[PDB]
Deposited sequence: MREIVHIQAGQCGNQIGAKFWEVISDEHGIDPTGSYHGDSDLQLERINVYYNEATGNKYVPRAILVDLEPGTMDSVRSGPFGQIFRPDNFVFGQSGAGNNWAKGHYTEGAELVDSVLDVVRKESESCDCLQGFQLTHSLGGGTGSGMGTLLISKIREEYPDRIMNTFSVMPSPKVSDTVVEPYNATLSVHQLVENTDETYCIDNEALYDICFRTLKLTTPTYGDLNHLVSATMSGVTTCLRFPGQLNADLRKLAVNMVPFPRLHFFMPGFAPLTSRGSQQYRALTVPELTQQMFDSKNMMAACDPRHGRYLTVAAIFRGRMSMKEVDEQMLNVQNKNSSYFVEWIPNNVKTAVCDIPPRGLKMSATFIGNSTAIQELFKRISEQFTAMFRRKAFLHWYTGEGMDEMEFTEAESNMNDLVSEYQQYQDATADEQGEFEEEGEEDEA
């Protein structure tokens, strides 16, 4: 069962390319595109992300999208550039200039039809399409505006299939662009309704890990993208490896439709770690890709994935330990809400690793942060004519703000919920 990947905007294509390079090495596929791995577990579930082509060579089922045509050459310039098939590059005349309306309603709408054409041709060649994942940021205008428009369009064409997103949230520590709260609030307004799971990749987190932990004076985007790639690899592990699908994880992780925003975590960040080390470190706020202290909220559901050669008896023992040892941080009204998976194949370089996916109400901290920044500008209607000039009304901003405030409200109500 196949998955179609789409990467939109600068950031989306950046972390999308790094992700492909990661899993292609994990599956043993060179830039040429031919399988040169040593085992069989690297092909058995490879159809999920790759399409077999003539010459015994696999090509990523990926579609690259941006209104700025230069990012296309950047991806093809980067390593594993020729592995993507040229007909899946859909590029516009020039970028959206961080204007969400340009990507969602005007310029992005011009390019969206050809994008849906590439999506259609890839989806019809699938035996049974699982769904789509989209990598993008929420601060700019392409992945933010056009991304939401894409996932909304793809929903009309495929109402019953899964839509996952890897959304990168803005942080003043990373970018000085001022209207990013506007774009993030508008796209989140779209994400709350149009996606089944969204992995909130906080640039504030990524910056904090590289600086306060990895000890990097001035970290470049390439430093942060290494984190995103390792999480994305670790999150998609069981999808791409046999033994250990989309709808099931969504059914088990999402107890309520709007609360489908997950705080990711990886361990280790960069002497193989121990299962108790990995287990503890994995539930630590210093190892979360969202700037949210999970001790400030409660876990609704938790899915763990361990990688490498280890005794699953110990994995169980430790996972139960951290659960009871921190009982209060798990809702009592969702029994067996923490599940665990183990795959023998470890990531590149690491012998021991673990990835954490948590539907936690502490993620409201992230959305609150956006809401405050959004409110500070909207109250003085700062820079709104840039969006109004494209045809948008002020009430759409008001709807996005209130809907996001509802989302953090909901998260807090269930945080305070009692078994009776």
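- In this chain, the deposited residues that lack C-alpha positions fall in the ranges 1, 246 to 248, 275 to 281, 432 to 445.
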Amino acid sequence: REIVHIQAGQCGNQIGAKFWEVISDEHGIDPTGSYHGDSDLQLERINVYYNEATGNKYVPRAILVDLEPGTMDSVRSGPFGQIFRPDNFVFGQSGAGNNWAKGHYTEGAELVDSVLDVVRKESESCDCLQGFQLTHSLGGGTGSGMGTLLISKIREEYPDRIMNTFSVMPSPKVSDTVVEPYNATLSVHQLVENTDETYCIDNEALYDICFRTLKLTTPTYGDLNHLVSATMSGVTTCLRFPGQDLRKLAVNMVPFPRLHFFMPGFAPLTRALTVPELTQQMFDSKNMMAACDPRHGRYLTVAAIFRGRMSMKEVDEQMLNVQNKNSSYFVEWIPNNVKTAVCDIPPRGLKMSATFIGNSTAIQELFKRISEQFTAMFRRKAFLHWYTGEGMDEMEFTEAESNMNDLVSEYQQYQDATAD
From here on, numbers count along this sequence of modelled residues.
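- Two stretches are in play, 326 to 334 and 72 to 80, and the higher mean C-alpha B-factor belongs to 72 to 80.
- Averaged over their C-alpha atoms, the temperature factors of 22 to 30 and 376 to 384 are higher for 22 to 30.
- The top Cα temperature factor in the record, among 192, 210, 138, 149, falls on 210.
- Highest CA B-factor among 247, 104, 153, 348, as stated in the entry: 348.
- Per the deposited record, the Cα B-factor of residue 258 falls in the lowest third when ranked against the other modelled residues of its chain.
- In the PDB entry, a CA B factor belonging to the highest third of its chain's modelled residues is recorded for residue 58.
- Annotation for residue 241: CA B-factor lies in the highest third of the chain's modelled residues.
- The entry lists a Cα temperature factor for residue 202 that places it in the lowest third of the chain's modelled residues.
- When all modelled residues of the chain are sorted by CA temperature factor, residue 252 is found within the lowest third.
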